[PDB]
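> so I've got this experimental structure, pasted below with the sequence.
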Amino acid sequence: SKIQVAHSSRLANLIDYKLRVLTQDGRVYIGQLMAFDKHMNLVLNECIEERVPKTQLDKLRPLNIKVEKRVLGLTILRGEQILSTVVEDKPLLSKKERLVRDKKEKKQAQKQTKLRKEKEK
Amino acid sequence: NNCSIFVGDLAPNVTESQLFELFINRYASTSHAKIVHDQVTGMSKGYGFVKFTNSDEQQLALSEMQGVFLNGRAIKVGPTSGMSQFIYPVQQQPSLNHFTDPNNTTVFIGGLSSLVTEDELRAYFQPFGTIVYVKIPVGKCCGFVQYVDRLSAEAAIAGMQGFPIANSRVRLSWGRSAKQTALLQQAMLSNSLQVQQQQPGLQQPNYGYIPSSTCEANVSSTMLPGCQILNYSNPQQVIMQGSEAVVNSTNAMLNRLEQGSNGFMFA
Amino acid sequence: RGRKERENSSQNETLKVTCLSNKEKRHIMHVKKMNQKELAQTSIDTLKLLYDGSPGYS
Amino acid sequence: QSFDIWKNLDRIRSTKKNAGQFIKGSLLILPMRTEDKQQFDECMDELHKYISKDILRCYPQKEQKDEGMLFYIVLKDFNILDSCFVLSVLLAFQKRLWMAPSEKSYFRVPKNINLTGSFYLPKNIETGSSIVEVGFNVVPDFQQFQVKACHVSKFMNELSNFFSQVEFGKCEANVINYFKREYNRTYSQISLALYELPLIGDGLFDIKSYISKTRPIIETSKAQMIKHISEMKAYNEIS
RNA sequence: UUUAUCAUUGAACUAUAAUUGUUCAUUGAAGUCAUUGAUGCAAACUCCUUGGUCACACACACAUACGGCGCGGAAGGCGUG
């Protein structure tokens, strides 16, 4: 889908990407990751869960496929019953804009620590 | 105006008489005063309302009682009443004529041919509801039909409109009684005020009466809601509604047909 | 934009822009914010006080 | 036109623009009542000789009243002509017993009779005059339809114009027994309500507490009425 | 296009079943709503979020197939300090 996912990136670098994560059933969840852990428990913002019916599976066996989509919103999915994750869609704001946003967050956090040091005195 | 002031944080030994003595008769005239006590304990919660007629006297009392010694504590007599989108609607009054009175149940009939009698005009307006008098002015080709119910007057106007009595079309409207018409004629000859008076109510609620119900005629009544309990008599007093009412009405209408076939009554 | 759109739009009319001072727009937006929050917090409570004497009110 | 059923059947077969196709998922229920059974049986045997068993079915009652029987006539997967024929025959027969006891013809409709009847249809209808719908029907599931005061040809034309516009579909399988149970339940309720008619006074209203509950209240209301009459007399007095 | 509960008995009954099948009912345990339901097929209309809605010109190039020799932005590969 001409996204060109990064060639040397991991889960700390794939954050806030619109993932298309596959499970053991095939119940594909599409949404933005915002956190993970050692067991790969993924929170998913604006997530949608898509499946294929049993009648559509005969047409899928060797065209249009009518998938069943349900809307989950902000969910938190476990890492046991998942199989694979890919990157489907890029986020809204770019890498330089995320860098400027992270510098603003660091400056705001340093200002908050200076405010806590001023309130402690 | 009825300005309200809310006294708060009062002592326990302060009844409504002490609050009425401290509120009224001190450069003002408090119309009402009530201390909000407990629902089941009887003790006062320390709050009370005082409603006066004038707003200036209540404002002066709230300005003078702000911090006064009330049974060992403060009075706190600041006002309770007087940027949201929702406000209650307010209206003026139609100055109380005989059209805009909802209790006005007497119908002015006109356009008569000066030929119908009083018993016949009673017979025109009898099944619409109970009635009190059917007297008409002489030489004025008009009359007055006063019911007890207002829905009976609505049914009478909605049915009897456009009905020609003795080859003469009728004119139905509202109007006052004879004494109120005499008062309006006495006040209009000098043209000083010409003010009218509202017709008195029914002192509602009234569980027993059923509107638009007529009865012409011991009584062991069960007072059940599906039937009728009480009714106004036909001239007048209050009668208990018996079970043998449709039988007496049927005998009365058969007697009326027998006496109207011959000519003993025209109504 | 297109040429004929410019000859059509610049000849029809010129509208008037309304604008207010700083304290006026501040007071109006504060009244609109309190109206939005009082509409977000309110709810119709007519059925509770309209069936108050009903036999299954308790 | 004429007063014969078969001539109007030929006319409604002719000029209704290929009306031979029936309606997919079509159902009609006509509950009727007869005084006697023996006169009904010959007409129903002639109807079953004319109309097949798969299209039309009949359902008797349980004989609870023993005087007024109730018979269901269920037309299932019917065409537009057989519906008009069955409704014309039944609407003639359930009124010929009161109007013409000496005519003695189960398929000849006289001129003095007007066809007026009531038939149920399922709720899943789509219409997108003499036959009207009803408001405030008594059946939870079905819709009652009324025809009133028509001749034979007007009945044929109005029933054909009604079934040419309505669209049926997807009826429930044993909905007939559901309608039987609901109809029997509703009319057993109104029969019990008529059974409650002598039991008004002193029977089941707890009169012993109801007298004492309303004994001061009617007295105060009567005092208010006497005060109203006295205040009205003071209001109408000139003096 | 496809489904919308079983069992005992009564009046007939096809019948290897816990009378299965047909018409009517008493009773017994839970008893998805949905039949305008569910699946498949297919077209049209409308509305939402995104962009460089950019700088010059409305132009005759190419077998080594296309002068990728403008200012940038978004994603990525390779190389150097």
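Structure's in. What do you need? Residues are numbered from 1 along each chain as shown, chains lettered A, B, ... in the order given.
> after the helix or strand containing residue D:81 comes which helix or strand?
Using DSSP states H and E, residue D:81 falls within helix D:80-99. Later in the chain than helix D:80-99, the nearest helix or strand by DSSP H and E is strand D:115-121.
> buried residues of that following strand, list them for me.
D:115, D:117, D:119, D:120, D:121 (16 or more other C-beta atoms under 10 Å in any protein chain shown). The way it works is simple: take the backbone N, C-alpha and C, and place the C-beta from them, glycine included.
> now tabulate those residues in TSV and tack on distance to residue D:73.
TSV is the format used below for these (distance: C-beta to C-beta, whole Å):
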residue	distance to residue D:73
D:115	15
D:117	11
D:119	9
D:120	11
D:121	13
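> hang on, the earlier thing: mind giving me the packing neighbours of the helix holding residue D:81?
helix D:5-14, strand D:27-32, helix D:38-50, strand D:71-76, strand D:115-121, helix D:152-163 (3 or more C-beta pairs under 8 Å, 6 or more residues apart in numbering or on different chains; DSSP states H and E).
> tell me the phi and psi of residue 74?
In the absence of a named chain, this looks at chain A. Main-chain torsions, residue A:74, degrees, to the nearest 10: phi -90, psi 110.
> oops, chain B please
According to degrees, to the nearest 10, residue B:74 has phi -80, psi 160.
> now it: how far from residue B:28?
With the distance defined as C-beta to C-beta, to the nearest Å, residue B:74 ends up 19 Å from residue B:28.
> of those two, who's got more company?
Neighbour comparison, residue B:74 and residue B:28: the larger count goes to residue B:28, with 20 against 17 (by other C-beta atoms under 10 Å in any protein chain shown).
> show me how far the helix holding residue D:81 is from its chain's centre.
Put simply, helix D:80-99 sits 14 Å off its chain's centre (C-alpha atoms, centre = their mean, to the nearest Å).
> buried ones in it?
Buried, per 16+ other C-beta under 10 Å, within helix D:80-99: D:80-96.
> wait, what's in contact with whichever residue of the stretch 51-200 of chain B sits closest to chain C?
Nearest to chain C, among the residues of the stretch 51-200 of chain B, is residue B:83, at 5.2 Å (C-beta to the nearest C-beta). Taking C-beta atoms under 8 Å, 6 or more residues apart in numbering or on different chains, we find residue B:83 in contact with C:31, C:34, C:35.
> which ones among these lie within helices?
C:31, C:34, C:35 (DSSP state H).
> show me where chain C has helices.
Secondary structure of chain C (DSSP H): helices located at C:3-12, C:22-41, C:46-50.
> ok, and does the second one reach over to chain B?
Yes - judged by C-beta under 8 Å from any C-beta of the partner chain, helix C:22-41 and chain B are in contact via C:31, C:34, C:35, C:38.
> which one of the residues you listed is nearest residue B:261?
Relative to residue B:261, the closest of the residues of helix C:22-41 next to chain B is residue C:38; by C-beta to C-beta it sits at 74.8 Å.
> now do the contacts for that closest one.
Residue C:38 sits next to B:84, B:85 when contact means C-beta under 8 Å, 6+ apart.
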